[PDB]
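Residue numbers (our numbering), protein chains in the order written: chain A, 7 to 177; chain B, 2 to 242; chain C, 1217 to 1639; chain D, 65 to 249.
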Amino acid sequence: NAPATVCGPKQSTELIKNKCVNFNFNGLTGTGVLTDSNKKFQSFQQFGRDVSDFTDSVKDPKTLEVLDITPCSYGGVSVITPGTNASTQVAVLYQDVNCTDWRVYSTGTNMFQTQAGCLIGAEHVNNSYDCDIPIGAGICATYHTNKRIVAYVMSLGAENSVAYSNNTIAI
Amino acid sequence: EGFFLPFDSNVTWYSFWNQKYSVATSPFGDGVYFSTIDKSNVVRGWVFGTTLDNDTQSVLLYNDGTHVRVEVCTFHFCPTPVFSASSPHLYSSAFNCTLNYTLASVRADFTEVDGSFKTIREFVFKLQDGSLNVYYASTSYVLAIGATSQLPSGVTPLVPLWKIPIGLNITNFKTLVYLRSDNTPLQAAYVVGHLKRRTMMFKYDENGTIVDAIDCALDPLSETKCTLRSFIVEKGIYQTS
Amino acid sequence: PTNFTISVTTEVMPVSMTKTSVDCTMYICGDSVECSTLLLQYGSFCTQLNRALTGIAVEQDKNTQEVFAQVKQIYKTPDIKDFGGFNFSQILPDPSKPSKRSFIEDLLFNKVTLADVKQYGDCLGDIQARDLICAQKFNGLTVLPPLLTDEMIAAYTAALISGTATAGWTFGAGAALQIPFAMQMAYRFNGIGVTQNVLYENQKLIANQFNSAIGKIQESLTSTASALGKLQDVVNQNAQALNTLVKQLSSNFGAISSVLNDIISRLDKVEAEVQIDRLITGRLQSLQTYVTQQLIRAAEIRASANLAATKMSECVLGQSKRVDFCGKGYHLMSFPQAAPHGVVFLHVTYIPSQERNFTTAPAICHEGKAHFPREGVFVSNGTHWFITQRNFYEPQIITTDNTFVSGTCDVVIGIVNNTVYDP
Amino acid sequence: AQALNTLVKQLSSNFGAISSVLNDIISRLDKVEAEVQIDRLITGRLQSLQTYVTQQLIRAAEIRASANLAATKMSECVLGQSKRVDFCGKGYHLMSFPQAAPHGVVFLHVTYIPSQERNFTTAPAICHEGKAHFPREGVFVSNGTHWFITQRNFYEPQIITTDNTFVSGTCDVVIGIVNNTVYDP
Ligand SMILES: C=CC1=C(C)/C(=C/c2[nH]c(/C=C3N=C(/C=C4\NC(=O)C(C)=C4C=C)C(C)=C\3CCC(=O)O)c(CCC(=O)O)c2C)NC1=O
Ligand SMILES: *[C@@H]1O[C@H](CO)[C@@H](O[C@@H]2O[C@H](CO)[C@@H](O)[C@H](O)[C@H]2NC(C)=O)[C@H](O)[C@H]1NC(C)=O
Ligand SMILES: *[C@@H]1O[C@H](CO)[C@@H](O)[C@H](O)[C@H]1NC(C)=O
Ligand SMILES: *[C@@H]1O[C@H](CO)[C@@H](O)[C@H](O)[C@H]1NC(C)=O
Ligand SMILES: *[C@@H]1O[C@H](CO)[C@@H](O)[C@H](O)[C@H]1NC(C)=O
Ligand SMILES: *[C@@H]1O[C@H](CO)[C@@H](O)[C@H](O)[C@H]1NC(C)=O
Ligand SMILES: *[C@@H]1O[C@H](CO)[C@@H](O)[C@H](O)[C@H]1NC(C)=O
Ligand SMILES: *[C@@H]1O[C@H](CO)[C@@H](O)[C@H](O)[C@H]1NC(C)=O
Ligand SMILES: *[C@@H]1O[C@H](CO)[C@@H](O)[C@H](O)[C@H]1NC(C)=O
Ligand SMILES: *[C@@H]1O[C@H](CO)[C@@H](O)[C@H](O)[C@H]1NC(C)=O
Ligand SMILES: *[C@@H]1O[C@H](CO)[C@@H](O)[C@H](O)[C@H]1NC(C)=O
Ligand SMILES: *[C@@H]1O[C@H](CO)[C@@H](O)[C@H](O)[C@H]1NC(C)=O
Ligand SMILES: *[C@@H]1O[C@H](CO)[C@@H](O)[C@H](O)[C@H]1NC(C)=O
Ligand SMILES: *[C@@H]1O[C@H](CO)[C@@H](O)[C@H](O)[C@H]1NC(C)=O
Ligand SMILES: *[C@@H]1O[C@H](CO)[C@@H](O)[C@H](O)[C@H]1NC(C)=O
C-alpha cells in the first residue's frame, strides 16, 4: 500500500514495456502491459487505482517513474459456423480489430472490415440475400456454393416503384 | 470515512502579540487539527502526553532551528516551556527516554519578520495503533494584524508526513513557541481543532491532487452529494437517510 | 365548428436498447489463473447469464425488425416532393445531401448523444483520458452492434413514406394502388366525418397548414432537446448499468481485499482460496443483478416496441378511428421518422376550431310525419332551419334526400315545426 | 425444460465448499466444520432457486402480455370484424377462426386481398354545369372515352347519376375537375 524499503531477496530484472508480462512491483504480482505514464506520484504513493480497486499504475522502485498497467486481454470474439454435420469450417469475427490494412487467432485468407469488426474466414460477395446468420451492422452470412461461408450485405426487401400521377388511379 | 475535522466546526483561535500569551493545554481527543498562521518561525513544536509531569513520559516534537527532533522521554517540564530565542528552555531533566531521533532537516531561523502574516501551516495529529501520524500542508495566506481572525477559504490537502512510534497514551497536548529575548512573543496565531469519526467525499483532479472535498452527514444536501458520488446536484427531490 | 387546424405532433417511442454480452472470466478475474480455476464450479451460472443476454440481444433486433420492416417493397423516393401542394421534402431524404436521411431524421439523430469499433491501441494510447468504454471492455463488458444500421432503418422509413404519399393506405393490404394525393386526402377527410368537398375547396389552405406544422416540428427540435428524453433515458440507463458493473468490482464482499492481485501476493493457496471464493460469489451476484435488471428493461422495451409496431400498422399504414391512439384530434395521416434506439411518429390530425352557437332540434315536424337527419344535425341561424355536418358548418336546405321519415312528430321531445323541401 | 434441467445441473456446484455432495461433507467432517460447508451449499442452492423463480416471473410477465394480446384478438377478430390494419392478418379482415394449440392458440385470419389492378384516368369531381358533383362513395374513373363511378376496392363501373353523386358549390374551385354529364332520372 505504500513505498517500502525492506524486501525479501528475489531478483531484479529489467523493465519490459509494451508487452504482456508477469510483473512483480514491491511484492505486488500480476499480469499486464507496462507503458510510460503521464502521472505524477506524490512521493508517498507507490500504486495507483482506477474507478475500481484495480492497480492501474505503479511507481518503479529503481527509476522513480510511473508506469501504467493495462490488461493484455481485450476485444470481443465471435464464431460464425453452419451446423455441425453440415461443415467444419468457421468464420471468426473480431469486434475490436481493424484489419482494413493483428490480435487474431489466425490470419486466414479472407479479411475485410464489416463495421462490426474484422471478419476472417468468410469471403465478401456483392449479392444481397435475406439474412441467414446475422453478423451485425447490416452484414449477414450463409453457407453457399463448392460450399463455403460467404458474407454479404443484407437485403431490405424487393425493389419497387409506384408510378405516381396526379390524374391516374389504380382500381 | 475516518477521523476528520468536521466542516464549520467549533475551533479555538489563540493569539500572540507583545501583551498576551496563550499556550493552554488542549485535550487530545481522537486526534486534533493544528494550524498556525505566522509571518515567521514562531511555533516551534508541541508536547504530547497525559499529565506532562515527570510521573509519566511525554512526546517532545519540535524544530530546534535546523532539524525536526522527536523525543519520547520522561521530562521534568518547566512551567510554560518555551524557547528563549534559539536556546531551548523546555525541561530541567530528562531520563528513561525511549525515543530520540531526527525526522527531517528543516532550517527554520528564529529571526523576527516584520509586516503581516504570510503562510499558514496546517497539521493533523492522530494516534493509530500507538503511532503518532502527522499530516502536513503549507499554504501562502496573507493575514493583517487586525479586524479579521478567520481561516482561509477552500481546501488544501494535507500530505502524510511521518509515522512516529511513540507507543504511549496521549490525552493532552501543549504548544511551545519562542520567546525572543524573554519578552512576550511576537505576532503569531494558532488554531486547535478536534477530529471526529465522519464520512467525507474527496474529489481528485486529473493531476491526482485532492480539490473541493465535502463533509458527508453535515447537512442533507451534503448527504445527497455523498449518495450521488457527485458535487453537482440536479433540481429535484432526493431521499436521504 | 366553422374552421379547422391541421396539427402535426410528435410521438417518441423507444424500440430497441443496447445489445450486450459479458465475459465472466474477464469480469470476475482480471487475468488470474488462480481465479480462472475455482470458477469452473460456477460455469453453469455464467452460461445462464450469457443465454439471457443473448436472448435480449436477439429480441432487440426482433424489435427493430417488427417496427420498421413491416413492408418488404422498398418504394423509390419520387423526384418531386410536392404532392398536390403538400411539401414532403423535410420528411423524405434529399438527393442533394450526402446523408441518406431526412432533415427531420438528421435533427433527431443529432439530439441523442449515443454514448453506448474500438481498438486495443486506442485504449493503450489514451490511458490518461480514463475512457469509460475502455474500462467496460477491459472487464469483459462488450456492446454488440444492432443488425440493422441507421441507414437501413432510414431506408425503411423512406419506403414507408412515399408508399403512402403515392399509393396511400393501399399498400399494407395487397399491392400498391396509385392515387392522386388530393383524392387520397379527400378520402382521409371522409374518414373523419368531413365531406370531401371541404378538402377540395380548401386544398391550398390545408396544404399550407400542413407545411407550416411540419416547419413548426422542425424548429421545436432545432431548439428544445427534452423531446427525445425517452431515447436518451434508454441510452443513459444502458450506460449507467455498465458503469455500475465496473464500479462494483471495488467491493470487498467480506474478503480482506477487493483486489485479486493483493490477495494472491499476500496469501498462499490455502487462504487465498477463501477470499477469492468470496470475491467470485460477490462478482457473480453483481452480474446476476445486472442481467436481471437488463431482462426487466428488455421486457419494458419490448412492450414499447410492440406498441410502436401497432402504431406503424394502424397510424402509418392506415387511418385509425381510435381516439388519441394516433395523436390528439381526428387522425388523418402519420409519418414515421428513424431515431436512435426508437421511432418518432409525426401524427397529422384534424382539429376543429372556431365554433359557433346554433339553436338545434332533434327532428323536424313538417307534416303528420317526422323527419330525422341522415348525416348531421339540424341548426337554425335565428330565422331559417338548415342541416349541416357535425364537424364543419355547411348549412344546407332541408330536403327529403337530406332526411328520412320515421313515425309521427308527437313523440319526439324537442320537435320543431319547419318545412321540408321536396324536388 | 431448459430452466428445470439447468436447476438440476446447478446442484453440482461446490459454491466454495470442499464438495458439492452433502453426503461427502457429512461423512468426512463432524458437525462443527461440516456446518460451514453445508451452509455454503444452502446459500448457493437457495440463490439458484431464487434465480430460477425470478426468470420464471419475467417469462410469466411476457406470457401474460402475449395472452392478453391473444384474448384481445379473440374478442376483436373472432367475435367481430376488425377495422384495425394488420391486427387480424394482412389485408382487409373478414373473419378469424381460433384453433387450440399446446400452450397457446393459432388464429386463422380470413382476409380480403384485392388484386389485378388496372390503370384509370381519374378526376376529383365532375363539372356537369355551373355546380360541381362529388362522388358519394368511390371515385370517378374513365375508360378512355366515357366517365364512370366505381367503388374503391373493386372495379364495378356505372354511369354517373344524381343519386350516385352529390352537389356542393361551383366547379371553378376544385383543382383537376373535368367536364362530363350527370344522368338525372
Ligand atoms: C516542527 C515540525 C515541522 C514540520 C511538520 C515540518 C515539515 C516541513 N517543513 C518544510 C519546510 C519548511 N517549513 C519551515 C518551518 C516550519 N514549518 C513548520 O511546520 C514549522 C512548525 C516550522 C518551524 C517553526 C521552513 C522555514 C521550511 C524550510 C524552507 C526552505 O528552506 O526551503 C517542509 C518541506 C521540505 C522540502 O520541501 O524539502 C516540510 C515537509 N517542518 C517543521 O519544522
Ligand atoms: C538504483 O540503482 C540503479 C542501478 O545502479 C540506478 O540506475 C542508475 O542511475 C544512475 C544515476 O542516475 C545512472 O547514471 C545510471 O545510468 C542508472 N543505471 C541504470 C542501469 O538504470 C538507480 O538510479 C538507482 N535508484 C535509486 C532510487 O537509488
Ligand atoms: C480502420 O482504419 C481505417 C484506416 O484508413 C480508418 O479509415 C477507419 O475509420 C478505421 N475503422 C473502421 C471501423 O474501419
Ligand atoms: C463487387 O463490387 C466491387 C465494388 O463495386 C467491385 O470492385 C468488384 O469487382 C465486384 N465483384 C464482382 C462483380 O465479382
Ligand atoms: C519530579 O517532579 C517533582 C514535582 O512534581 C519534583 O519535586 C521532583 O524533583 C522531580 N523529580 C525529577 C527526578 O525530576
Ligand atoms: C537526544 O540525543 C541528542 C544527541 O543525538 C542529545 O543531545 C539530546 O540530549 C537527546 N535528548 C534527550 C536525552 O532528551
Ligand atoms: C495539472 O498540471 C499541469 C502542469 O503539469 C497544469 O497545466 C494543469 O492545469 C493541472 N491541472 C489542474 C486541473 O490543475
Ligand atoms: C380559418 O383559419 C385560417 C387560419 O387562421 C384563416 O386564414 C381562414 O380565413 C379561416 N377560415 C374561416 C372560414 O374563418
Ligand atoms: C419545401 O420546403 C423547402 C424548405 O422547407 C423548400 O426549399 C422547398 O422549395 C419546398 N417545396 C416546394 C415544392 O415548395
Ligand atoms: C355560446 O353561448 C354561451 C352561453 O351564452 C356563451 O358563453 C358562449 O360564448 C357562446 N359561444 C360562442 C359565441 O361561440
Ligand atoms: C339565415 O340564413 C338565411 C340564408 O338564406 C338568410 O336569408 C337569413 O337572413 C339568415 N338569418 C339571420 C342571419 O338571422
Ligand atoms: C329545455 O329547457 C328549458 C329551460 O329549462 C325548458 O323550459 C324547456 O321546456 C326544455 N325543452 C325540452 C324540449 O325539454
Ligand atoms: C399503369 O401505368 C404505369 C405507368 O405507365 C405502368 O408501369 C403500369 O404497368 C400500368 N399498369 C398497371 C396495371 O399498373
Ligand atoms: C368505355 O365504355 C363505354 C361504355 O361501356 C364503351 O361504349 C366504350 O367503347 C369504352 N371505351 C373504351 C376505349 O374501351
Ligand atoms: C397534372 O400534372 C401534369 C404534369 O405536371 C400537369 O400538366 C397538369 O396540369 C396537372 N393537372 C392537374 C394539377 O389537375
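Note that CB positions come from ideal geometry on N, CA and C, so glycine has one too.
| In chain A, which residues lie with their C-beta within 9 Å of the C-beta of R182/D? | Within 9 Å of the CB of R182/D, the CB atoms of chain A belong to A176 and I177, in sequence order along the chain.
| query | What residues in its chain sit with their C-beta under 7 Å from that of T81/B, if we drop five residues either side in the sequence? | reply | Same-chain partners within the cutoff: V24.
| request: Kindly say whether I1512/C, judged by its beta-carbon, lies nearer than 8 Å to any beta-carbon of chain D. | output: Contacts with chain D at 8 Å (Cβ-Cβ) include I1512/C.
| task | Taking the CB atoms as reference points, tell me whether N1266/C and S1237/C lie closer together than 8 Å. | result | In this structure, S1237/C lies closer than 8 Å to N1266/C by Cβ.
| query | Can you find a C-beta in chain A that's less than 8 Å from the C-beta of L1340/C? | reply | Output row for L1340/C: interface = yes.
| field | Endpoints, beta strand (DSSP E) assigned at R55/A | value | Run containing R55/A: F53 to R55, per the beta strand (DSSP E) assignment.
| request: Could you tell me which chain C residues have their CB closer than 7 Å to the CB of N78/D, listed as they occur along the chain? | output: Those are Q1257, listed as they occur along chain C.
| request: For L144/B, collect the residues of the same chain with a Cβ closer than 7 Å to its Cβ; drop the 5 residues on either side in sequence, then sort them by chain order. | output: The residues are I38, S117 and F118.
| field | As assigned by DSSP and simplified to three states, the class of residue 1662/C | value | This structure cannot settle anything about residue 1662/C, because the visible part of chain C is limited to 1217 through 1639.
| request: Just the C-alpha distance for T185/D and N173/A, rounded to the nearest angstrom, thanks. | output: Cα to Cα, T185/D sits roughly 6 Å from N173/A.
| field | Pairwise C-alpha distance: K1585/C and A169/A | value | Cα-Cα distance, rounded: 54 Å.
| task | Quick one: using the 10 Å Cβ neighbour count with 16 as the cut-off for buried, is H167/D buried or exposed? | result | A residue is called buried when at least 16 other Cβ atoms come within 10 angstroms of its Cβ; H167/D does not meet this threshold and is exposed.
| task | May I have the straight-line CA-CA distance separating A187/D from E220/D, to the nearest angstrom? | result | If you take the alpha carbons of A187/D and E220/D, they lie about 17 Å apart.
| request: Indicate whether at least one CB of chain B lies closer than 8 Å to the CB of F50/A. | output: For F50/A, the answer is yes, since a Cβ of chain B falls inside 8 Å of its Cβ.
| task | Taking only the alpha-carbon atoms, compute the straight-line gap between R109/A and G1356/C and give it to the nearest angstrom. | result | Straight through space, the alpha carbons of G1356/C and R109/A are spaced by roughly 16 Å.
| request: List the residues of chain C whose Cβ lies closer than 7 Å to the Cβ of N104/A, in chain order. | output: In chain order: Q1335.
| Rounded separation between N207/D and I190/D - CA only | Cα to Cα, the separation comes out at about 15 Å.
| field | Contacting residues, own chain, Cβ-Cβ under 8 Å from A86/B (five flanking each side not counted) | value | Answer for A86/B: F111, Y179, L180, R181 and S182, listed in chain order.
| What are the boundary residues of the alpha helix (DSSP H) that includes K73/D? | Note, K73/D: alpha helix (DSSP H), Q66 to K73.
| Comparing the CB of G1301/C with every heavy atom of ligand 15, is any distance shorter than 7 Å? | In terms of side-chain proximity, the C-beta atom of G1301/C is found no nearer than 7 Å to any non-hydrogen atom of ligand 15.
| query | Distance, Cα to Cα, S83/D vs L1458/C? | reply | In a straight line, the C-alpha of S83/D is about 34 Å away from that of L1458/C.
| message | Cβ closer than 8 Å: which chain B residues qualify as neighbours of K46/A? | response | The answer, in chain order, is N208 and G209.
| query | Cα-Cα, which of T1624/C, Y1566/C, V1462/C and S1622/C is closest to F1608/C? | reply | Selected option, being the one with the closest Cα: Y1566/C.
| Under a three-way DSSP split, which group does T1221/C fall into? | Correct three-state label for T1221/C: strand.
| Quick one: does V43/B have its CB under 8 Å from some CB of chain A? | Not an interface residue.
| task | Run down chain A in chain order and give the residues with a C-beta less than 8 Å from the C-beta of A1554/C. | result | Contact note: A1554/C does not reach chain A at a C-beta cutoff of 8 Å; the least C-beta distance is about 13 Å.
| said: Only counting the same chain, and skipping five residues up and downstream in sequence, which positions put a Cβ closer than 6 Å to that of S84/A? | reply: Excluding sequence neighbours, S84/A sits near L99.
| query | From which residue to which residue does the alpha helix (DSSP H) around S91/D run? | reply | That run of the alpha helix (DSSP H) goes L86 to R92.
| task | Under 9 Å between beta-carbons, which chain C residues line up against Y111/A? List them in chain order, please. | result | Residues of chain C whose Cβ lies closer than 9 Å to the Cβ of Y111/A do not exist; the shortest such Cβ separation is about 15 Å.
| request: Measure the alpha-carbon distance for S161/A versus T118/D and round it to whole angstroms. | output: Cα atoms of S161/A and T118/D: separation of roughly 39 Å, rounded to the nearest angstrom.
| field | Minimum C-alpha distance to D103/D - residue among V174/D, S179/D, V85/D and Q120/D | value | Checking every option, the nearest Cα to that of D103/D belongs to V85/D.
| task | Kindly list the residues whose CB is nearer than 7 Å to the CB of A1351/C, restricted to its own chain and excluding five residues on each side of it in sequence; keep chain order. | result | Answer for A1351/C: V1462, listed in chain order.
| field | Runs of beta strand (DSSP E) lying entirely within the stretch 71-127 of chain B, each at least 3 residues, in chain order | value | With a minimum length of 3 residues, the unbroken runs of beta strand (DSSP E) contained wholly in the stretch 71-127 of chain B fall at 88-105.
| field | 6 Å CB neighbourhood of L93/D in its chain, flanking five on each side removed | value | Result list for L93/D: empty, nothing under 6 Å.
| task | Note down, in chain order, every chain C residue with its Cβ under 9 Å from the Cβ of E126/D. | result | Residues of chain C whose Cβ lies closer than 9 Å to the Cβ of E126/D are, in chain order, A1515 and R1518.
| Own chain, CB closer than 7 Å to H192/D, minus 5 neighbours either side, in chain order | Cβ neighbours of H192/D beyond the five flanking positions: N244, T245 and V246.
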